Amino acid sequence: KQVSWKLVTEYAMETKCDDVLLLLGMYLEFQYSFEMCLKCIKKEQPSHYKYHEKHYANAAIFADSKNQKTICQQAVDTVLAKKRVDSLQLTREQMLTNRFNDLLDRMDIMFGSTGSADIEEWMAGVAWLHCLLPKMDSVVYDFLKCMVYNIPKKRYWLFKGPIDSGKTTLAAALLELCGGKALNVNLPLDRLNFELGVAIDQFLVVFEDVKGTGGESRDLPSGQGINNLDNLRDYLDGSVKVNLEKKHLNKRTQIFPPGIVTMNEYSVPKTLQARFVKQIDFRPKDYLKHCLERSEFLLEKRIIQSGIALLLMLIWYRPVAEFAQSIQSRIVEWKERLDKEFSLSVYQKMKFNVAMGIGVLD
Amino acid sequence: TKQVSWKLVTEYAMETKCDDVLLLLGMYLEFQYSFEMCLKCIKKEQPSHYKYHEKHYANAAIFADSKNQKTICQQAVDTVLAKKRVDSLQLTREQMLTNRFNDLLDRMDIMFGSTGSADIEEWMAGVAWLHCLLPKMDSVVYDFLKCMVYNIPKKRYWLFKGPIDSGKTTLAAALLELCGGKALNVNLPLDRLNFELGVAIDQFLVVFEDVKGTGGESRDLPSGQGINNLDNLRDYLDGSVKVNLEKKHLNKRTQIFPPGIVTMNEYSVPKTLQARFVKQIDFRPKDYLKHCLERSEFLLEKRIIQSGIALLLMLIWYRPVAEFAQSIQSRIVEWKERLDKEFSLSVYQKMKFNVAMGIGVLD
Amino acid sequence: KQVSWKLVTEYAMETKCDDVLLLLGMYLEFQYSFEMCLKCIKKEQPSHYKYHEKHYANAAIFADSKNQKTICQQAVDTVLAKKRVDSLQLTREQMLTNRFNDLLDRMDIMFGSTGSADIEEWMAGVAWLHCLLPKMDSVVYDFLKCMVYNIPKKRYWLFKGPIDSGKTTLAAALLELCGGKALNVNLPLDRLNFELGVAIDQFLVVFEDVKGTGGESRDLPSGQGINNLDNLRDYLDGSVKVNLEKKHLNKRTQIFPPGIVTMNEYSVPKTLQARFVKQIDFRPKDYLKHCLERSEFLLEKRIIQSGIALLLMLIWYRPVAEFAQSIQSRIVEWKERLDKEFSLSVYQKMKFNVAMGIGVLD
Amino acid sequence: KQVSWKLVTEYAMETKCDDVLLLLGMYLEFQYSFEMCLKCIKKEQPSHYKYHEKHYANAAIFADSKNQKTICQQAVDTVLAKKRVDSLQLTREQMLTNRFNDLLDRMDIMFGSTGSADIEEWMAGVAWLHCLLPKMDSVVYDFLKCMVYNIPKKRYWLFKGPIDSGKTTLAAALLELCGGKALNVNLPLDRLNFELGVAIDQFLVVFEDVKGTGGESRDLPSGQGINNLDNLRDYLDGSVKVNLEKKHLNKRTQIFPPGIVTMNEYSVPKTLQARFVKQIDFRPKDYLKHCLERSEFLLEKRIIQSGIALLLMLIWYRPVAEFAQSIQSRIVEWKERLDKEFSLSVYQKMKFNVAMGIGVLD
Amino acid sequence: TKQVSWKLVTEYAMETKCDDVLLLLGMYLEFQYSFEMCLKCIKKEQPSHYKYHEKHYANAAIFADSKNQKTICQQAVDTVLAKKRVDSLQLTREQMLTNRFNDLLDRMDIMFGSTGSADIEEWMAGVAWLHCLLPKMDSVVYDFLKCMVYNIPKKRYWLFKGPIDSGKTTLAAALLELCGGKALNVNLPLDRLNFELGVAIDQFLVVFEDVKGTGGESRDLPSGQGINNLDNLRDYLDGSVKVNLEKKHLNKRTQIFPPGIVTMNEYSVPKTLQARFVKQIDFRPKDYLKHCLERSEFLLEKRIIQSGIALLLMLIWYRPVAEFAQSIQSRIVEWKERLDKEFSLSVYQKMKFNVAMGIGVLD
Ligand SMILES: Nc1ncnc2c1ncn2[C@@H]1O[C@H](COP(=O)(O)OP(=O)(O)O)[C@@H](O)[C@H]1O
Ligand SMILES: Nc1ncnc2c1ncn2[C@@H]1O[C@H](COP(=O)(O)OP(=O)(O)O)[C@@H](O)[C@H]1O
Ligand SMILES: Nc1ncnc2c1ncn2[C@@H]1O[C@H](COP(=O)(O)OP(=O)(O)O)[C@@H](O)[C@H]1O
Ligand SMILES: Nc1ncnc2c1ncn2[C@@H]1O[C@H](COP(=O)(O)OP(=O)(O)O)[C@@H](O)[C@H]1O
Ligand SMILES: Nc1ncnc2c1ncn2[C@@H]1O[C@H](COP(=O)(O)OP(=O)(O)O)[C@@H](O)[C@H]1O
Ligand SMILES: [Mg+2]
Ligand SMILES: [Mg+2]
Ligand SMILES: [Mg+2]
Ligand SMILES: [Mg+2]
Ligand SMILES: [Mg+2]
Ligand SMILES: [Zn+2]
Ligand SMILES: [Zn+2]
Ligand SMILES: [Zn+2]
Ligand SMILES: [Zn+2]
Ligand SMILES: [Zn+2]
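Residues numbered from 1 in each chain as written, not as in the entry; some residues may be left out. Chains lettered and ligands numbered in written order. Part of a larger assembly, values for the part shown. Heavy atoms only, no water. Residues with missing side-chain atoms left out of burial classes, pairs and counts.

### Some remarks on the domain arrangement of chain A
Residues and elements named next belong to chain A.
- Assigned domains within chain A: domain 1 (1-90), domain 2 (91-131 + 285-361) and domain 3 (132-284).
- Relative to domain 2, the C-alpha centre of domain 1 lies at a distance of 32 Å.
- Listed as interface residues are seven residues of domain 1 and, on the opposing side, eight residues of domain 2.
- Interface area for domain 1 against domain 2, summed over the two sides, is near 530 Å², with a carbon-plus-sulfur share of 57%.
- At the boundary of domain 1 and domain 2, one finds one salt bridge.
- For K16, the salt bridge is made with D102, and the minimal N-O distance between the two is 3.1 Å.
- At the boundary of domain 1 with domain 2, the tally comes to two residue pairs in polar contact.
- Going through the elements one at a time, helix 4 (46-49) and helix 6 (68-89) are the ones with two or more residues in the side of domain 1 that touches domain 2.
- Split by residue class, the side of domain 1 that touches domain 2 holds three nonpolar, two polar and two charged. (Domains from an automatic or database assignment. Contact = heavy atoms within 4.5 Å. Buried area = accessible area lost by both parts, 1.4 Å probe. Salt bridge = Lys/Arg side-chain N within 4 Å of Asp/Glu carboxyl O. Polar contact = N/O pair within 3.5 Å; in protein donor to acceptor, adjacent residues only side chain to side chain. Helix = DSSP H or I, 4+ residues; strand = E, 2+ residues; numbered from the N terminus. Nonpolar A, V, L, I, M, F, W, Y, C, P; charged D, E, K, R; others polar.)

### Some details on a positive patch on the surface
- Taken together, the side chains of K251(A), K247(B), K248(B), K252(B), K247(C) and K251(C) define a basic patch exposed on the protein surface.
- Structurally, the position occupied by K251(A) is in strand 5 (residues 251-254).
- Judged by its relative accessible area of 61%, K251(A) is exposed. (Patch = residues over 30% accessible without salt bridge, like charges linked within 9 Å, V, L, I, M, F, W, Y side chains within 5 Å. Areas by Shrake-Rupley, 256 points an atom, 1.4 Å probe, with all protein chains shown as cover. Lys, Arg positive; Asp, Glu negative; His and termini not counted. Charge placed at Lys NZ, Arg CZ, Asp CG, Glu CD. Buried < 20%, exposed > 50% of the residue type's maximum accessible area, 1.4 Å probe, protein only.)

### Notes on the site of ligand 2
Residue and element names in this part refer to chain B.
- For ligand 2, the set of nearby residues contains 17 residues, the closest of which are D165, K168, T169, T170 and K286.
- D165 is positioned such that a nitrogen or oxygen atom in its backbone is 2.7 Å from an oxygen atom of ligand 2.
- At 2.8 Å from an oxygen atom of ligand 2 is found a side-chain nitrogen or oxygen belonging to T169.
- When isolated, ligand 2 has an accessible area of 570 Å², and the protein chains bury 90% of it.
- For the shell around ligand 2, the secondary-structure elements that each account for two or more residues are helix 10 (168-179) and helix 15 (287-294).
- Grouping the amino acids of the shell around ligand 2 by side-chain chemistry returns eight nonpolar, four polar and five charged.
- Composition of the shell around ligand 2 by domain shows at least three residues from each of domain 2 (92-132 + 286-362) and domain 3 (133-285). (Near = heavy atom within 4 Å.)

### Focus: the arrangement of the chains
- The smallest C-alpha distance separating chain A from chain D is 17 Å, and no contact links them.
- The smallest C-alpha distance separating chain B from chain D is 16 Å, and no contact links them.

### Section: the sheet that holds strand 3 (residues 206-208) of chain E
Residue and element names in this part refer to chain E.
- Sheet architecture is open: five strands sit in the order 2-3-6-1-7, paired in parallel fashion. Of all the strands in the sheet, just strand 2 (182-184) and strand 7 (279-282) have a single pairing partner and so form its edges. Sheet twist, expressed as the average angle between the axes of neighbouring strands with direction ignored, equals 20°.
- With four bridges connecting them, strand 1 (residues 157-161) and strand 7 associate as parallel partners. Its bridge partner lying in strand 7, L159 is registered against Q280. (Pairing = 2+ DSSP bridges. Axes fitted to C-alpha atoms, helices over the stretch in contact; angles between N-to-C directions.)

### Digging into the site of ligand 3
- Surveying the vicinity of ligand 3 reveals 18 residues, the closest of which are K154(B), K167(C), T168(C), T169(C) and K285(C).
- Residues close to ligand 3 are split across chains B and C.
- Take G166(C): an N or O atom from its main chain is 3.1 Å from a nitrogen atom of ligand 3.
- Relative to its unbound accessible surface of 570 Å², ligand 3 loses 91% to contact with the protein.
- Listed by contribution, the elements that provide at least two residues to the shell around ligand 3 are helix 10 (167-178) and helix 15 (286-293) of chain C.
- Counting residues per element, the shell around ligand 3 draws most heavily on helix 10 of chain C, which supplies three residues.
- Class assignment of the residues belonging to the shell around ligand 3 gives a composition of eight nonpolar, four polar and six charged.
- The residues that make up the shell around ligand 3 include at least three from each of domain 2 (91-131 + 285-361) and domain 3 (132-284) of chain C.

### Regarding the domain arrangement of chain B
Residue and element names in this part refer to chain B.
- Segmenting chain B into domains produces domain 1 (2-91), domain 2 (92-132 + 286-362) and domain 3 (133-285).
- Spacing between the C-alpha centres of domain 2 and domain 3 amounts to 25 Å.
- Contacts between domain 2 and domain 3 engage 27 residues on the former and 26 residues on the latter.
- Here domain 2 and domain 3 share an interface that buries about 2300 Å² over both sides, 61% of which is from carbon and sulfur atoms.
- Of all residues in domain 2, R93, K286 and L311 give up the largest surface area on contact with domain 3, accounting jointly for 28% of the area buried on that side.
- For the pair domain 2 and domain 3, the interface holds three salt bridges.

### Let's talk about the interface of chain A and chain B
- Opposite the 29 residues of chain A that make contact, chain B presents 34 residues.
- Counting each side, the surface lost to burial between chain A and chain B is near 2700 Å², with a carbon and sulfur contribution of 53%.
- In this structure, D165(B) and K153(A) form a salt bridge, with 3.7 Å as the shortest nitrogen-oxygen distance.
- At the level of elements, helix 1 (5-15), helix 6 and helix 13 (270-273) of chain A are the ones that each hand at least two residues to the side of chain A that touches chain B.
- It is helix 6 of chain A that provides the largest number of residues to the side of chain A that touches chain B, a total of nine residues.
- In the side of chain A that touches chain B, the residues fall into 11 nonpolar, nine polar and nine charged.

### Observations regarding helix 17 (residues 325-341) of chain A
Residues and elements named next belong to chain A.
- In this model, helix 17 (17 residues) spans 25 Å end to end at C-alpha, consistent with the 24 Å of a helix rising 1.5 Å per residue.
- Turning to helix 17, its buried residues number three or more, namely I327, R330, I331, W334, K335 and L338.
- In this structure, the buried residues of helix 17 make contact with helix 7 (92-110), helix 8 (119-129) and helix 16 (307-317). (Expected span 1.5 Å × (residues − 1).)

### Some points on the environment of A324(D)
All names here are of chain D.
- On the secondary structure map, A324 appears in the loop between helix 16 (307-317) and helix 17 (325-341).
- Residue classification places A324 among the buried residues on the basis of a relative accessible area of 13%.
- Residues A324 and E93 lie 231 residues apart in sequence; the distance between their C-alpha atoms is 7.5 Å.
- Beyond its immediate stretch of four places on either side in the chain, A324 contacts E93 and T97.

This is the structure in structure tokens:
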């Protein structure tokens, strides 16, 4: 007779949907018969086939409702409220553990019968990424600890090196593995605020491609990013809280999230250099390039820049004791799933091919 | 019974001082589920949750089906904001600070309780480190509090000065948490300062963080307008007459600027600005302080040395019960006794000794 | 079971509340039982104790309402509406008289059995202020008459003198005595017009610390204030209405308010100097300083900066016939209370201690 | 039982009230007993005493209404709608005739038993203004015709002369006699739009005190007004319609209203000079100044800058045949009222005193 | 019957093409009063009033007491705007122009009727003056209309060029009223042009008024970016591909830029811009035109020579009924007959003679 707003809210929650139009579009697909639904039989989208049958009755009524968007907004607000709560109550590690569980759910599907991803091509991604930097898995592990501990004046890493050396690649994968936002600090000192406002409630922040002015005789463009960065000392330090706002849509005082800054070997003042407790230098590697040429899927399926590849790397290299206790049982299941499909020699072989500059799957 | 009680939601909001509509909505929705089979209540994770779930369960169940959830929460939050407005205008500075203290104490009863996740020993170690940061640290804090409460004209600002990494921000941040207030950056262009100053509206105290100035910049010290800007805010700092504070294209309020702190490196302070401070505290780097921390990482990892709770523990351990407000003097006795049952003067003195040696407080 | 919106509006009008959140927070206090109300019995706030009993019934219901904020907004709108009508229909003298009755109501409490003010400390304030300038009570009275008559070209007084000579102290007291706003015109000629918008519907305005140029030699910061004032002739003179804009919207076309300009001794053009009907020179006095050092309470309690100190001075010095007929009986009452508290000799002694720089109450 | 929104609308209309808070404030004064209403007996405000009795019943109910502001907004919109209609349907002369009738209503009261204005002091204003410019009444008459005809490229007059020569005075009086808005064109080329938007629906526009840059060695300040004016050629010409908007609150395409530009003898390019079909040069006159010194009421009561003084001047000098036929009967009544109180010699005497530099009423 | 009919208000709005909510509200409120004792209806002042008062009286009386007046009018106006949107997308350019013409004709039936206040003789005098402004003026207008209607790529823009006061704006303004459209000023900074161009959205035609350019400025001709800006708008002027038009921080619509006119003084036109025009008409000052007007002030006072109605009268007097759209060819016959009954070829030729002599058209 009348639509259950609660049920729409429950769907948005289980789906973690915070987009009102997307929620509206998805729920409306449930108004059709679940009996011969091709979308459900073909198991195309989990966000659809796992919920159609259950929501069919409510959706049928929803389809006739005259307050559809209003119902969806309240659902989306409930999702936003839960993020609000988590942001204020969960420890930093729990936030991370939650993200890991969300990625593993995504992994269960892509590497499952729902069919889509070839777990072999992803481990090849792990091999390639493990040749981009020395002791790459330790680098990731240490980065995660630095992000969780969130120590004043010891929360930012600097990714520095020539173009095409892997800075954006690794930073993008870390951003997806942890959650967070990329920010452009090169903007003028009169809009750099609406930008910093995106950090609100964010676990981490990446200051992508910060352009300087020192040594611009090396084909290096001109930007204010560096100066506009050496003036955000209180933001980077994370000692005192800062006031952040994104338009009238949201405002909040808090310690600015920790993160990374990436730049193409410019000139870094000591006043800004002091803000970074670690600087990783990336270097172009002939073999990494040649490998990719013969391992096109890595780029075509955008595997090396994905957070799932980094999580897979942690599952393979890191001891179970290093993960949060609550998620350990699950990490064990994947370590076994990975050991079930890849012999050490088989994975080592992939690393070999990468170093040799040939196809990872050769 | 078939309709949500807005008044009950307002009561929860009021009890937890919730002035965030999204936070209220999310908190209340967690009460919709049975209280008998609640993981959150059995684990005693959040007081704001487990102390209220059972009582609000029936109402939350109804709230869960309501189609006006946001509107209900908005009125509840507006009530909390209205109360804050009344209190800011009618409570005495001393009462504001006292209520502030009762709240910190509640958080302490939990974090150091059976359901707590904090280790009282590591926090007392923070008090030890902090008591080595400055001479007679507990008097510095005590005197600062009286200064902020009395808010006497011309006697409202303290200058925190010294080299980088000497403790200026660590102490100011802990004081900001102990009394409440906002941190401001006045190292901006004159035609943008107005909005930063608006951040001080209704604040108990304000900290002008890392103010920089043109001069003596030979010490690798950057140039900044911070000093000049402050030197032009006499009426704000003195607090004799009210000033117009703006925020959101409108002077949201004309008031006595709050009292506070100014943290600053080793720049040259003009005479007309130096006159604005009733006290200047000098901070100095100390080998044992750095080395001690390296062996007591928990102090920084858990943000203990910059916590208002470390300072409150310090006052409870060092100051006479009589120096606290009458209303709370009882809780202070409660904490002084539990502090003595868990820490003999022997263990504390060694902690201070280890810090002085740069060993690692706890060992 | 129905809330009376009218009763909430009546409460707002009686306490002249035009702050929606304050009104809401105050009315909500009335929902609790009053018989044993300690706020009421210890008479802590007149805004509370004079109304709780009377509004308790309506408030109990109000507490059950789902439109609390909306009820309060209509109430606040009525208060704003009355001010609008009054600004357009009251005579300037009636406006001042209303202001005086409000200060007196506040004085009845302060110096009453439940007040927290010590009338002796406030009278000591009148003594200190009467030594700040020659014929002080005449200065204040002539100023009030100037502000009330609001005659074109004869509406602005210039307060000029060194730093710390009492310019702001007196300007602040007069602002409180008559009501109005202080304005900063040292801003760029750009964002200057939004500043003038602050003067909308104000009884008077004070251009605080107007800076110029050239005086930098005698150690005086530079600013545009002087220059800007020189270009605001039509605003200052008050012969023609001017267009004022506040909140990004032309709120009103009116005769700019009359007022004061305080300055730290810069050079003033003959054209600007012509905008002032009177100039008062403030001068530092060591005994005024020494007195304060031994009469701390005058600053700690902010007495010398208060509009109340000035009203008390007018009560003590001015003949009854100089006040508006309607408040005269109320003025006569305060004169009697003052004569009761202080003999001419007791007051003369205060003025003697000030002149001697020793402590007004010695 | 329930409030009549229609009746509130009728009041706002008869009162020409387009201010919601003012409307709210005024209507709420009608909720009180009309029997012993002091405001009505004292005949203080026409907007009140002429309507209290009639609205008493509706206002009493209004006082209890829960939608007060909403009711007032609809009333104000009705007033705005009527202006909208008139603006689009009335001829230019009818617009003027309507304004004249509104001023005469104002005059009937001020010069009537409601008591307030001394018609003798106002005619003295007519005398003074008639000595400010040669053939002043013809100047006004010709200006009105130019504003009504509104001929392309022949719609703007230039008021030019030294400071204190009468430019703002006459322009202010003409602005009130016709209706219209004063605009500041000195603003930067990035806000000069929100300003021009105030002209929408306006009968006339005055570009008050336009500052140039030519000859700034004569103590003449610096401004962009002149250039920002020589770029509004299409606005001044009024040949093609222009797009005007005042924030999101209103927008409209139309021919920019005709008007006046006033400036203190700067340098006027021929590219801008061509826009003015007439330029009136104002000159300081010793006797005008001395007269005012001995005729303080003229300035104190702001009579010489009022549109009512100019209307009185037209009633005295202009033949009835020159006014719109519909208003002629009324102009005759005032010509007789004026001839009833002032002999030609009596008025001539006033003009004499002005020329002699003595009190107009001597 | 006790409730307002929104549909009836929408119908009135639709009948009068009222897309202004305030204008609709005010117009409708005038119908609330009795139609039997209506001064406005008895004086036949406004067709939009007297043609509808009686019919809407009953509904307006109810509307007058409604508490949702603005909401009702808004839906009625939204309907008129929706119709305009449909027509802009589905009517042919020829139909748009025809509807435009029927509207001008209605205004003409009234202004020159018994209830009218206009004098047909003075307006015909305007046609006479205008026919002396340019050679074969009626063909210039006729050809321009076909060009605007066909809207053929590369053949959409006419250049109006000549000294100041030669008739460029007078003609363009009359053409703007005859076909509808907006006037634009492109003499702005490149970083502000985008918004001006947005004014052209949905317009039938556009006139780039008084475009100025750097060069030959010796002729006392100011410098301007108008020329350079146009020279950089090839794709807009050509009308082969759609362009993105922005208005209100969003490309409200991607469309073929409208065709139109460019008025311009005697500046130097680059080759790449000159190529953008299919026709250039030269305007020249004429003594008799100026002197004629001085003796026929009514032409300027009533704005007759710059009126679309003067041009419509010109087409009706000079062009063969066959050159008009079929749908209206009947009304054109209606006007050609009344024009011949009021004006013999003798009176008209003298008018043109007087203009040529600079006497004063009508005498
Ligand atoms: N270390 C490397 N050596 C050779 N090629 C690389 C290396 N890192 C990345 N690439 C290739 O070059 C591209 C550069 O990617 P990116 O990480 O965005 O570079 P940058 O360091 O400029 O951010 C990648 O998409 C990848 O295909
Ligand atoms: N007196 C000190 N001597 C040595 N190290 C210190 C001292 N005070 C603080 N530190 C360490 O250096 C960091 C500097 O902290 P902070 O108080 O913010 O410095 P600053 O004085 O520049 O504001 C702290 O996080 C702490 O780990
Ligand atoms: N004439 C004076 N002589 C000595 N001290 C004064 C005098 N006037 C005020 N003071 C003291 O100095 C402070 C200066 O106040 P203020 O009126 O703001 O000075 P300014 O003239 O700069 O506006 C006062 O609070 C008071 O303590
Ligand atoms: N022609 C004049 N001769 C002498 N004094 C005048 C004259 N015109 C105006 N005044 C006086 O000087 C003031 C100047 O007024 P105003 O019209 O604003 O001058 P401006 O020409 O600068 O706009 C008036 O208020 C009036 O008292
Ligand atoms: N060809 C002409 N010769 C003489 N005067 C003219 C001519 N055309 C128009 N005029 C007069 O000069 C004014 C100039 O009008 P307009 O068409 O806007 O000029 P422009 O060619 O500069 O755009 C007209 O209002 C009219 O009274
Ligand atoms: Mg990159
Ligand atoms: Mg610091
Ligand atoms: Mg001062
Ligand atoms: Mg002037
Ligand atoms: Mg032109
Ligand atoms: Zn399905
Ligand atoms: Zn629970
Ligand atoms: Zn009470
Ligand atoms: Zn009355
Ligand atoms: Zn009618």
